[PDB]
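Colleague:
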Amino acid sequence: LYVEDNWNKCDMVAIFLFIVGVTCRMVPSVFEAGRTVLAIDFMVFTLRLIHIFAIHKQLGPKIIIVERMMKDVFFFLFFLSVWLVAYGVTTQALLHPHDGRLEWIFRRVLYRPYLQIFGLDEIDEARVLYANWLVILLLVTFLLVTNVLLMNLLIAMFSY
Amino acid sequence: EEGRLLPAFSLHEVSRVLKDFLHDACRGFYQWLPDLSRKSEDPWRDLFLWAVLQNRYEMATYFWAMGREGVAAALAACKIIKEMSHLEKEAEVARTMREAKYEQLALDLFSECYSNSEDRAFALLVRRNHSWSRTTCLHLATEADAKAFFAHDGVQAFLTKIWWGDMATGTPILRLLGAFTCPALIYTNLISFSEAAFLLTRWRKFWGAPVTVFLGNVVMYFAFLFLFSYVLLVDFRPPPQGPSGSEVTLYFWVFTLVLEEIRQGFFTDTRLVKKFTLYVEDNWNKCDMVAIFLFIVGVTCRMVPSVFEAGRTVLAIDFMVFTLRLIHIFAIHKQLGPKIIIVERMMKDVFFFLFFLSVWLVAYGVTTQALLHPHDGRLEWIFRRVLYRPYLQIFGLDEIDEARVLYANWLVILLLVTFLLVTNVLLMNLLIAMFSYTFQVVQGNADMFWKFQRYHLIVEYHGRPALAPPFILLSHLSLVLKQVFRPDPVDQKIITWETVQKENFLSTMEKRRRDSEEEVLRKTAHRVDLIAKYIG
Amino acid sequence: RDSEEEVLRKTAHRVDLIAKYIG
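Sequences listed follow chains C, D and B, in order.
Under PDB author numbering, the residues of the first sequence are numbered 800 to 918, 922 to 930, 948 to 979, in order.
Under PDB author numbering, the residues of the second sequence are numbered 440 to 444, 461 to 486, 505 to 668, 716 to 788, 791 to 918, 922 to 930, 948 to 1028, 1043 to 1092, in order.
Mapping of the third sequence onto PDB author numbering: position 12 corresponds to residue 1081, and the numbering continues sequentially without gaps.
Pasting the structure below:
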């Protein structure tokens, strides 16, 4: 019966996070990680706060519809990730064939598509030709196919 | 008149032109003429042809009615009809011919027989047709491209039963993944298995099912994409030997892949040109051909040290091609399919959209530049700026800032605003309008084309040889070595069952027509007319 | 002529005349 409801399950995860965070007091050496866990648990309680919202007449429908469409977000992970990794990795190879430290390359190649989602400092040094124009075209087609389309289909399904 | 080198034409030309319409479907017809005195082997089919050719619809309908083995006819006929559309003289005569809709008859018959004893329905669907010169119904549907027929649920039922082959069962997506992860788990009863050598047979039935080989090969190819990418990233090394070791390691398997592709494309064949057109038909095989061409031309990088850079760029292009190829696996899923089909359908408007944005950008920026400056010492820098600005504008002034610090600026503002609205707001609102139009009205076509590609991939991977790509080389060797070394009552019962079902169907349709309300009105009108007459 | 409303009206006139002739 208790396992049935999802909200009680979220409460169980929250209290588990609280318990494992309480170890921060137990361990002085790893206090930082314990604090991070406690922040995670705080975020869990924040998510738990939402359960009260749908109770209202006007708020209810919106909440239910958002939760129903909330399944497509884990799906949308696929195409954007594929296009981003394809694009950036290929451009990097053209830009350079060998990096002295993997780390900095990791930071740049991670930030760019991550940055791209939110909308070149490392890139600027490299720029100052054949590779750039194809990157432009792939950027444009990507822009259209994910942002324009997979959102138009999503609002279509949301109205449905 | 072309073959020779009371109307003159004889059955020779009839059989010739029929073989022309359908190559292997109706080739054995009328086997240079026979003695006319002899009666035909099966008249009803001949007369059905005679009618459908002359486009006498109701006649052909009845001619089918009293004809056995109906469903294959109700397909071949529609094939011939749709074929005889581009060779139509009168557009008016072409429209009614295009209004044949013979496929609906086959659909109704197959639905009827599927309703009862599907174990017989599937057997029929794969039963060879003596009447139609020993051909398979599915091949007929292909030659006819009767997509709607495939959209029948019983079709999908048969496909799904095949899709897991002998193993069948519910086959949970997760449970199957886990069972495949642990080879020991196979022997246990995690999922249902239909009815040491016994364990060998069970493992064979496990890895023989279509989904299994499909998942295995797609996973291996995807991981090979990943490893090839890594090789391109840092392992694309100078002409020392170890470097080339990475290249040969990543390239020999690619050669094995192209060998497997040729095997799938050429020996899936009457003539070599036939199989060539078969391979050229599918777009995905065309993308594979472009990919392997890119791989070959990139392999020249190893050949030329001086131009290694360009070769590396080409290899990156080929990597991107393989990335695009990876998408083909996505639409297979139920939920993913429709979205993929709709996106591909709308993917045509993107090359169109090239027009307006480009025109507005070149107009705006070039004009502003002229106002900004009348002469540039170097074209290059001007090229970089004037290219980056509208390119930059699409993605959302450093050179511009120096120029700024008045009459030209405000008109640039207004043109920027109207451009913003007309492309970004409008040509996207119209695009989402057309996208909803697709995903609703052409949603039927989307589901149809999706199930179509589903059937295609299913039957294709059925023919996937029983081996991994490495051993597939040994499989081809075994096949070449084998090459160098080298009932009726049941069928009658099934045909009779089909005939009974057809008779029941037609009787039911006529009975439904009898109780039609308009017929009731007309009959009551005739009755009241007669009654008023008898009254006076 | 074959319009369904016209059919209804004609049948109504006919049944009126028939009921009249009956009585």
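We put the CB at the ideal spot given by N, CA and C, even for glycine.
#1: Please go through the same chain and pick out, in chain order, the residues whose beta-carbon is closer than 8 Å to the beta-carbon of D:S828, but skip the five residues on each side of it.
#2: Go ahead and pull the three-state DSSP assignment for D:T608.
#3: Judging by CA-CA distance, which residue of C:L837, C:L956, C:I916, C:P912 is the nearest neighbour of C:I814?
#4: Is the stretch 580-587 of chain D in contact with the stretch 516-528 of chain D, if contact means three or more CB pairs nearer than 8 Å?
#5: Quick check on the DSSP output: the alpha helix (DSSP H) that includes D:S1020 runs from which residue to which?
#6: Tell me, please, whether the CB atom of C:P896 is closer than 8 Å to any CB atom in chain D?
#7: Candidates C:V930, C:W806, C:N966, C:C809: which alpha carbon is nearest C:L894's?
#8: Could you say which of D:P860, D:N971, D:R541, D:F746 lies nearest to D:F841 if we only look at CA atoms?
#9: So is D:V628 buried or exposed if we call it buried at 16+ other beta carbons inside 10 Å?
#10: Roughly how many angstroms separate the alpha carbons of C:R847 and C:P912, rounded to a whole number?
#11: So the alpha helix (DSSP H) C:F830 belongs to, where does it begin and stop?
#12: Please tell me whether D:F476 and D:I553 are closer than 8 Å, where the distance is taken between their beta carbons.
#13: Output, in sequence order along the chain, the residues in the stretch 813-843 of chain C whose CB is closer than 7 Å to any CB in chain D.
#14: Mind checking which residues open and close the alpha helix (DSSP H) that includes D:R783?
#15: Tell me the rounded alpha-carbon separation between D:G887 and D:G785.
#16: Looking only at its own chain, which residues have a Cβ that is under 8 Å from the Cβ of C:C823, when we skip the five neighbours before and after it?
#17: May I ask you to verify whether the stretch 863-878 of chain D touches the stretch 955-973 of chain C, counting CB pairs closer than 8 Å and requiring at least 3?
#18: For the alpha helix (DSSP H) that contains D:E576, what are its first and last residues?
#19: So for D:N602, helix, strand or coil by DSSP?
#20: Quick one: what's got a C-beta closer than 6 Å to D:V751's C-beta in the same chain, skipping five residues either side?
#21: Nearest-angstrom Cα distance between D:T644 and D:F798?
#22: Touch check for the stretch 853-865 of chain D and the stretch 985-995 of chain D: three-plus C-beta pairs under 8 Å?
#23: Within the continuous alpha helix (DSSP H) that includes C:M869, where are the two ends?
#24: Could you pull out every residue in the same chain whose Cβ sits closer than 6 Å to the Cβ of D:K634, ignoring the five residues on either side in sequence?
#25: So which residues of chain D does B:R1083 contact, with C-beta pairs closer than 7 Å?
#26: Any idea what DSSP makes of D:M557, helix, strand or coil?
#27: Am I right that D:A533 and D:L1062 are in contact with their C-beta atoms under 8 Å? What's the rounded C-beta distance?
#28: Run through chain C and tell me which residues come within less than 9 Å of D:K725, C-beta to C-beta.
#29: Check the Cβ of D:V774 against every Cβ in chain C and list those closer than 9 Å, keeping chain order.
#30: Less than 8 Å between the beta carbons of D:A950 and D:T890, yes or no?
#31: Would you please verify whether the beta carbon of C:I925 is less than 8 Å from any beta carbon of chain D?
#32: Give the C-beta separation of D:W1053 and D:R593 to the nearest angstrom, bearing in mind that I take them to be a contact with Cβ-Cβ under 8 Å.
#33: For a contact meaning CB atoms closer than 9 Å, what does C:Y949 contact in chain D?
#34: Which two residues bound the contiguous alpha helix (DSSP H) that contains D:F476?
#35: Note down, in chain order, each residue of its chain lying with its Cβ closer than 7 Å to the Cβ of C:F875, except the 5 sequence neighbours on either side.
Modeller: Put simply:
#1: In the second sequence, the residue the question calls residue 828 of chain D occupies position 306. Excluding positions up to five away in sequence, the list is empty.
#2: Mapped onto the second sequence, residue 608 of chain D falls at position 135. DSSP places D:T608 within a strand segment (E or B) once states are collapsed to three.
#3: Counted from its first residue, the first sequence places residue 814 of chain C at position 15. Selection C:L837, C:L956, C:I916, C:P912 evaluated against C:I814 yields C:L837 as nearest (Cα-Cα).
#4: Cβ pair count under 8 Å is below three, so no.
#5: As a first step, residue 1020 of chain D is located in the second sequence; it is residue number 478 there, counting from the start. Counting along the chain, the alpha helix (DSSP H) containing D:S1020 begins and ends at 1011-1027.
#6: The residue labelled residue 896 of chain C in the question sits at position 97 within the first sequence. So yes, C:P896 belongs to the interface.
#7: Here the question's residue 894 of chain C lines up with position 95 in the first sequence. Shortest Cα-Cα distance from C:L894 to any of C:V930, C:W806, C:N966, C:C809 involves C:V930.
#8: The count along the second sequence starts at 1 and reaches residue 841 of chain D at position 319. Nearest option by C-alpha distance: D:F746.
#9: Looking up residue 628 of chain D in the second sequence gives position 155. D:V628 should be labelled buried.
#10: Here the question's residue 847 of chain C lines up with position 48 in the first sequence. Here the question's residue 912 of chain C lines up with position 113 in the first sequence. Cα to Cα, the separation comes out at about 31 Å.
#11: Position 31 of the first sequence, counted from the start, is the residue given in the question as residue 830 of chain C. Per DSSP, the continuous alpha helix (DSSP H) segment holding C:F830 begins and ends at 830-847.
#12: As a working mapping, residue 476 of chain D is identified with position 21 in the second sequence. As a working mapping, residue 553 of chain D is identified with position 80 in the second sequence. Less than 8 Å divides the Cβ of D:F476 from the Cβ of D:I553.
#13: Within the stretch 813-843 of chain C, no residue has its Cβ closer than 7 Å to any Cβ of chain D.
#14: In the second sequence, residue 783 of chain D corresponds to position 263, counting from 1. For D:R783, the enclosing alpha helix (DSSP H) covers residues 761-786.
#15: On the second sequence, position 365 is the one that residue 887 of chain D refers to. On the second sequence, position 265 is the one that residue 785 of chain D refers to. Each residue's Cα considered, the two are about 50 Å apart.
#16: Taking the first residue of the first sequence as 1, we reach residue 823 of chain C at position 24. Leaving aside the five residues that flank C:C823 on each side, the residues in its chain whose CB is nearer than 8 Å to its CB run, in chain order, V829, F830, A832, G833, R834, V836, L837.
#17: Yes, since at least three Cβ pairs between the stretch 863-878 of chain D and the stretch 955-973 of chain C fall closer than 8 Å, the two stretches touch.
#18: Counting from one through the second sequence, the residue named residue 576 of chain D turns up at place 103. For D:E576, the enclosing alpha helix (DSSP H) starts and ends at 575-588.
#19: Numbered from 1 along the second sequence, position 129 holds the residue referred to as residue 602 of chain D. In the three-state reduction of the DSSP assignment, D:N602 falls in the strand class, which pools E and B.
#20: Locating residue 751 of chain D in the second sequence gives position 231, where the first residue counts as 1. These residues qualify, in order along the chain: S766, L770.
#21: Position 171 of the second sequence, counting from 1, holds the residue named residue 644 of chain D. Position 276 of the second sequence, counting from 1, holds the residue named residue 798 of chain D. Computed Cα separation, rounded: 37 Å.
#22: Cβ pair count under 8 Å is three or more, so yes.
#23: For the purposes of this step, residue 869 of chain C is taken as residue 70 along the first sequence, with counting starting at 1. Element bounds for C:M869: n/a, residue is neither H nor E.
#24: Locating residue 634 of chain D in the second sequence gives position 161, where the first residue counts as 1. Result list for D:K634: empty, nothing under 6 Å.
#25: Within the third sequence, numbered from 1, the residue matching residue 1083 of chain B stands at position 14. Within chain D, the C-beta atoms nearer than 7 Å to that of B:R1083 come from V1084, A1088, in chain order.
#26: Reading the second sequence from its first residue, position 84 is the one you call residue 557 of chain D. Three-state DSSP puts D:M557 in coil, outside helix and strand.
#27: The residue you call residue 533 of chain D lines up with position 60 of the second sequence. The residue you call residue 1062 of chain D lines up with position 506 of the second sequence. Not confirmed; about 15 Å, so no contact.
#28: Residue numbering aside, residue 725 of chain D sits at position 205 when the second sequence is read from its first letter. Under the 9 Å cutoff, chain C gives no residues; its nearest Cβ is about 32 Å from D:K725.
#29: Sequence index remark: in the second sequence, residue 774 of chain D carries index 254 (1-based). Those within 9 Å of D:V774 in chain C number zero; the least Cβ separation is about 18 Å.
#30: As a first step, residue 950 of chain D is located in the second sequence; it is residue number 408 there, counting from the start. As a first step, residue 890 of chain D is located in the second sequence; it is residue number 368 there, counting from the start. D:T890 is positioned such that its CB atom lies closer than 8 Å to that of D:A950.
#31: Taking the first residue of the first sequence as 1, we reach residue 925 of chain C at position 123. No, no contact with chain D.
#32: Locating residue 1053 of chain D in the second sequence gives position 497, counting from the first residue. Locating residue 593 of chain D in the second sequence gives position 120, counting from the first residue. 6 Å between Cβ atoms; contact.
#33: Within the first sequence, numbered from 1, the residue matching residue 949 of chain C stands at position 130. Those are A832, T835, listed as they occur along chain D.
#34: Sequence index remark: in the second sequence, residue 476 of chain D carries index 21 (1-based). First-last of the alpha helix (DSSP H) with D:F476: 466-476.
#35: Stepping through the first sequence from its first residue, residue 875 of chain C is reached at position 76. Non-local C-beta neighbours of C:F875 in its own chain, meaning closer than 7 Å and more than five positions away in sequence, comprise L969, ordered along the chain.
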